[PDB]
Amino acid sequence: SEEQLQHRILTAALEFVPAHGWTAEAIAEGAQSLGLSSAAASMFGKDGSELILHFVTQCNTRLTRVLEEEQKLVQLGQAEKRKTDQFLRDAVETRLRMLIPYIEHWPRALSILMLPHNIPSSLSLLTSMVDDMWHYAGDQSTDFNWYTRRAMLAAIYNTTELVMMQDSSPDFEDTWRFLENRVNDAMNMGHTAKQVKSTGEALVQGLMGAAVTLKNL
C-alpha cells in the first residue's frame, strides 16, 4: 500500500536526521537511499511532522518491548521486581536515551510536536507511553488515581526531556539526577491527607485489636 511505502521512506530518513534535521532534505535522502527519486518526499509536508511522529511512535514501541523483556525476566525469577520509584527512573532513562543520536535537533522536533495541528497526535503518543510505563510499574503501592499518575509522570518525562536538551554532563548524569529528584517528588505526593487518615485509622483498629487480646487474659 501507499502507507507501507511512506513508513519505509520515513524509517530510512531517520538515518539522515543528524545531518539534515527533521526536514524534506532528510526525507529526500531516505527516499534516495531506497533507490527512489527525491520527489518521493512529495508525499509529505515540509514541517517534518510526519517524520518526527514516526520516530516518536517507533521509540514508544521499542520501550514497550524493553519493558516486556524486563518483566519476563522477573517472571523467570532471574530479576527482582523493582520498586515503583526505581522502575520509573529506569523506564524514563531508557526512553530518553533513544533521543541521543538526534539530540542536536530535538528542541526543534519538540516545537513542531507542539504545533496545534500536531498536539492530538503528540499528546496521544505521550499519554499511551505514560500509561504503558505505569502498567509495567504495577505500583499497586501508591494510591494515585489515573489522573495523578498520568499528570505526574508526563511532567517527570517532559521536564527531564527539556533538561536533557541543555545537559552537557558526561552521559547526561545531570539529567538522570534531575529525573531521580522529580520521581522522588512524585512519590512523596502519595502521602496525601487521606492516607494520613486511612493509615492513622488502620492503626486505631490495630490498637483496638491489641486491647481485645490483652483483655482476653
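Heads up: residue numbers just count along the shown sequence, starting at 1.
I need to verify one thing: averaged over C-alpha atoms only, is the B-factor higher for 155 to 163 or for 46 to 54?
Higher mean C-alpha B-factor: 46 to 54.
Would 80 to 88 or 142 to 150 have the larger average of its C-alpha temperature factors, as given in the entry?
For C-alpha atoms only, the mean B-factor is higher in 142 to 150.
Compare the CA B factors listed in the entry for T61, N181, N188, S168 and report the winner.
Largest recorded C-alpha B-factor: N188.
Against its chain's modelled residues, does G21's Cα B factor rank lowest, middle or highest third?
For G21, the deposited C-alpha B-factor lands in the highest third.
Would you please rank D132 by its C-alpha temperature factor against the other modelled residues of its chain and give the third it falls in: lowest, middle or highest?
CA B-factor rank for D132: lowest third.
Relative to the other modelled residues of the same chain, rank the CA B-factor of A202 and answer lowest, middle or highest third.
As the PDB entry reports it, the C-alpha B-factor of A202 lands in the highest third of its chain.
What third of the chain, by the recorded C-alpha B-factor, contains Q71?
Bottom third by C-alpha B-factor.
Within this chain, which third does the Cα B-factor at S122 fall in: lowest, middle or highest?
Middle third.
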